[PDB]
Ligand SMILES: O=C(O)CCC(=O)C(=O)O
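The form deposited without the ligand is given below as one chain in structure tokens.
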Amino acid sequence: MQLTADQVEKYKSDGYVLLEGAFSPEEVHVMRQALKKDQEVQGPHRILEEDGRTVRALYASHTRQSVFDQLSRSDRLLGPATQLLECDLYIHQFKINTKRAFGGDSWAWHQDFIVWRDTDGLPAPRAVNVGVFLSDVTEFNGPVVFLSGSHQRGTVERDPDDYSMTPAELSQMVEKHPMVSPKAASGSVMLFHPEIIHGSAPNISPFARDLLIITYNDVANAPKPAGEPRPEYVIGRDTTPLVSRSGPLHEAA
């Protein structure tokens, strides 16, 4: 499973690329049932919404649900990831982000790499983020907004909650890096660069939007933290190369 030449060049130039229809509706169903089951596990890997009534983020479902292990090693994701990075890979981070219905606007613009570098000791942006749409993503249910091409800016040379950017910063960025929101049916995949600027739009719809993000990292690019590292469910520690898996996802207890 490979990106076309144009898809590679789109990833390189714009910082993201959308692969619609990567996983079938049957596969989406299997993953959604596994997500519902995993949301019942109580732990600090599960971030509840402010009102505590729903799950906002879930870390490391692939360690608890076999379907998500299957996904994480699927040819359809690791093929494109290996194509881009040309090395053995392991899972730096696995998370499922839920944007609740009627969720309101939050200032969430950020860049992944600078946090991983300065908080977690990630040396270099030799990684790729891979999103899997567990919901249809539309203009109304809180799509990810990229600043197109903004990964070309690199990252400044130089606790996690201290990082942020100002409206004035965002304004300057949009000048050369316009807002773009990939929209597609559940089962679609998008790959995006660790140094791209992104945020999610508010979900004004009555339905939650579930977005799975796997970050694959070069086994030679393992974090070298200076202090106590964050939990393994946030930042992977096992750099054993992933074994790729061929075939459909299937229900697995």
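Take the two forms, superpose them, and find the largest set of C-alpha atoms that agree within 1.5 Å; that set is the rigid core. One-based numbering along the sequence shown.
Not on display, but discussed next: the form solved in complex with the ligand.
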### Summary
None of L35, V55, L211, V28 but one has a heavy atom within 4.5 Å of the ligand in the deposited bound form; the exception is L211
### Listed residue that, although the ligand is not shown, lies within 4.5 Å of it in the deposited bound form (heavy atoms), from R76, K183, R126, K95
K95
### Task
Indicate whether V144 is a 4.5 Å heavy atom neighbour of the ligand in the deposited bound form.
yes
### Task
Answer for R153 alone: is it within 4.5 Å of the ligand in the deposited bound form, judged on heavy atom distances?
no
### Non-hydrogen atom contact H193 with the ligand in the deposited bound form at 4.5 angstroms
no
### Heavy atom of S200 within 4.5 Å of the ligand in the deposited bound form
yes
### Message
Quick check for you: of 77-85, 174-182, 131-139, 102-110, which stretch puts a non-hydrogen atom within 4.5 Å of the ligand in the deposited bound form?
### Response
102-110
### Query
Which listed residue (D88, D105, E139, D136) has a Cα shift of at least 2 Å between this form and the one not shown, rigid core superposed?
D105
### Task
Say whether the C-alpha atoms of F94 and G104 sit closer together or farther apart in the deposited bound form than in the form shown here, given that their separation changes by 3 Å or more.
closer
### Query
Against the shown form, C-alpha atoms of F94 and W107 in the deposited bound form: closer or farther, for a change of 3 Å or more?
closer
